[PDB]
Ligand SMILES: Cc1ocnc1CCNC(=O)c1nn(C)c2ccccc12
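Okay, here we've got a single chain as structure tokens, the form deposited without this ligand, with questions on binding and movement later.
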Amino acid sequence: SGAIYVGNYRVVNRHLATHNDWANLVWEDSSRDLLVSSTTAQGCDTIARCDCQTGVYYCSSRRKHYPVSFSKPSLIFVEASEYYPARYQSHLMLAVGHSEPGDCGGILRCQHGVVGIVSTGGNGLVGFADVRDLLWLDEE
């Protein structure tokens, strides 16, 4: 579990979004595993605006943050997980690291801020849904 809190927006994995998220919906995309909802309080996170390929991510199933290199946002085939079938996911970055389903929502960050959130795992990789292209998160 986990979210990004930027401005008055809450960015979550679409598959973990709550009824309140859907009732306060700003934007969602199944192919990306992302959903954004509106918040009453302003949030503490800054979104990275960059093409970094190195950062640090939080792994809840290890209680640890790991430094990783990751691929640029890509259309990737993802094998079946507990929460999605085998399918293509877009805007997905991969690193070598540990990820189980409950790790979804952990932040990946670089020197510029939050890059994305854990969205995939298995076979010794961790996949992250990118948010750095969502420039509208920074305003309004």
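Here the rigid core means the biggest group of C-alpha atoms that line up within 1.5 Å when the two forms are laid on top of each other. In this text, residue numbers run from 1 along the sequence as written.
108-116 and 76-84 differ in mean CA B-factor, and the higher of the two is recorded for 76-84. For the two regions 26-34 and 39-47, the entry's Cα B-factors average higher over 39-47. The PDB entry assigns residue 97 a C-alpha temperature factor belonging to the middle third of its chain's modelled residues.
Among the modelled residues of its chain, residue 127 has a C-alpha B-factor that falls in the lowest third, as given in the PDB entry.
Residue 20: CA B factor in the highest third of modelled residues in this chain (values from the PDB entry).
What comes next is about the form solved in complex with this ligand, which does not appear here.
Transferred by C-alpha superposition from where it sits in the bound PDB entry, this ligand brings 3 or more atoms within 2.4 Å of the backbone or C-beta atoms, leaving the site blocked. Although the partner is absent here, residue 49 is not a contact residue: none of its heavy atoms lies within 4.5 angstroms of this ligand in the bound PDB entry. With a 4.5 Å cutoff on heavy atoms, residue 43 does not count as touching this ligand in the bound PDB entry; it lies far away. For the partner-free chain shown, 104, 118, 119, 120, 121, 122 of 103-127 come within 4.5 angstroms of this ligand in the bound PDB entry, judged by any non-hydrogen atom. Of the candidates 56, 96, 80, 75, the Cα that moves 2 angstroms or more after core superposition between this form and the one not shown belongs to 80 alone.
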